[PDB]
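You are given structure tokens for the same protein chain in two forms, set apart as structure 1 and structure 2.
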Structure 1
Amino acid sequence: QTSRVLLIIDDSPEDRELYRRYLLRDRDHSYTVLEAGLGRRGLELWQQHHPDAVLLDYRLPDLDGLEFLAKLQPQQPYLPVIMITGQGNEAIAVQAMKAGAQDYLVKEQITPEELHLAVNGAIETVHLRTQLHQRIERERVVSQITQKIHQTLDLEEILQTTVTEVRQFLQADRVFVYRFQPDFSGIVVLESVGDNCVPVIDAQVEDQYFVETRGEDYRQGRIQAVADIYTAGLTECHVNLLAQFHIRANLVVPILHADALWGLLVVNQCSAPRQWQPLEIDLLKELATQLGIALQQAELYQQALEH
């Protein structure tokens, strides 16, 4: 049973209660239910809570359902709205679906099972469209970096292009590349930042975990994906440390050269926690692998000079 936020927008307190009772009868999910009796507040709750689905009464005191959809501006998001219409007004349902709704229900004909089916579909379909959009953007990033590696030997340009595009794609506060010194200490080679996190470049913090251990887990590929340093169960030493650079969410991907650990591709969220998705993690492993190709390429260019 996963969690779902469902927003009900209907001016009849009883219908809201009816729908609320119906959604609880769903074994597949646990629903957090938000309510509004007016369109304007519906819009406000929508904008503040990003609910997974919206049950929308076509006839509200302030807005008709069509006006509500038109007052919605949504990356490139899709609206998980189910229009609720009265029997006989199906023509509204059709023009609502052409305006962005995912499905509709007939008020007096609604059953719990039908409600589940509607919510499932609106959510699944928006998820498909969201995933497809993410696949397209993720492909642009990978191809753009592939392009760079084919067009140049220089690291400063490839790493830079990498750091920027991932920050753009992920909408992260910070992305940078951390490089290990021979004495297993670290420095930030490149960076790209949003002004919500206290900088790290030029202000170097000395950790003792990489000098002492050398990162054998990172050599053999270990990645860390911390959604929120306060709920992941880290030690008090680590939590307090990250709080001083305002890192709230942490994603770290090792960069490998030869059979050795060259450095780290690092993503930060500094304002709020962030649950890193499988697609995003997979993107970074891939880029890191391309960086390995770049580094290797640059070293073969160094070796070829000396000859």
Structure 2
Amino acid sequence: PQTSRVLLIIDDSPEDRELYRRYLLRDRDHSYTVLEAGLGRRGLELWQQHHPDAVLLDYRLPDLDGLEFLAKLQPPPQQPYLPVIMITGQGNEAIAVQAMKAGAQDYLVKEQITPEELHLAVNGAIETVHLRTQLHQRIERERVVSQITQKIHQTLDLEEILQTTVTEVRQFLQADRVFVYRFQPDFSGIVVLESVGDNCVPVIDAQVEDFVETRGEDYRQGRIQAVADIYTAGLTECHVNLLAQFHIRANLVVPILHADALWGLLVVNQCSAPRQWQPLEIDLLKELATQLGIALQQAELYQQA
């Protein structure tokens, strides 16, 4: 009975919209909340305002046809693919084939739709967009990693490597802030590099003194700190106050090891809201940190020569 999917139906026949709603009720696996529009314009507003999990789109509407509609649909950057199923007229398959090249996941012929066919198409559209998104992110993640490896092979300057790392990581994660924290001999730390958008307070020029001496045992042993919400993570009053002071709400911290030594931290922040850090994100940061370590070893070995 709990809503498990939201579907937007855009179709100028109210009776057909009601038919598809009923058909969806037959699905034992999901509970659908259905948004309804009779015009392309209202359908676009509902898509933008309410983010449905899938769309059933009539190939012909009073104000737009399906192709014009698809063209105006902007996906979220979180999922740059459109969970759209085109419903086309009998004998009009060719138009629907064009709709798939333009981003639709599937199509149905209006007259031949059964409850089962509908559940199938909707299931498929949602699953396929999820699959396309996963593949998309792997390609991006491999690009970022491969780029750092190339810079190291080319023996480029450490500063450029850190800068590329912080920028590309922030862009990939869509994070509010990413920075590199370097430990000095006296076990003090300074922020060396920062990439920050509009959501956080810049920290590069506003840092005082601060813990590595006393509890970097975990960082030295390569462990990461993943905090979804600073208020529910059980930190000390001081630590929470410090992070809140810079509007940090979620915190992901990965150590940078040079040989066996704790050189610094690669840190990611969300400042706008809590954020659950995901396995693929954590693995990427860990791999980048390892690469930074390799770059550090290169620079030191190069220095001694």
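Basically, rigid core = biggest C-alpha set you can superpose within 1.5 Å across the two forms. Start at 1 and count along the sequence of structure 1; that gives the residue numbers used here.
Subject >> Pivot point of the rigid parts between the two structures (hinge, one of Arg129, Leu264, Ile201, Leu234) >> reply: It is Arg129 that sits at the hinge.
Subject >> Turn angle in ° for the smaller rigid piece between the two structures >> reply: Turning angle of the smaller rigid part: 25 degrees.
Subject >> Distance moved by the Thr125 C-alpha between the two structures (core-aligned, Å) >> reply: A shift of 3.7 Å.
Original post:
Hey, core superposed, how many Å does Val226 shift at the CA between the two structures?
Top reply: After core superposition, the C-alpha of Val226 moves 0.5 Å between the two structures.
**OP:** Taking the rigid core as fixed, quantify in angstrom how much the C-alpha of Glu216 shifts between the two structures.
**Re:** Its alpha carbon moves by 1.5 Å.
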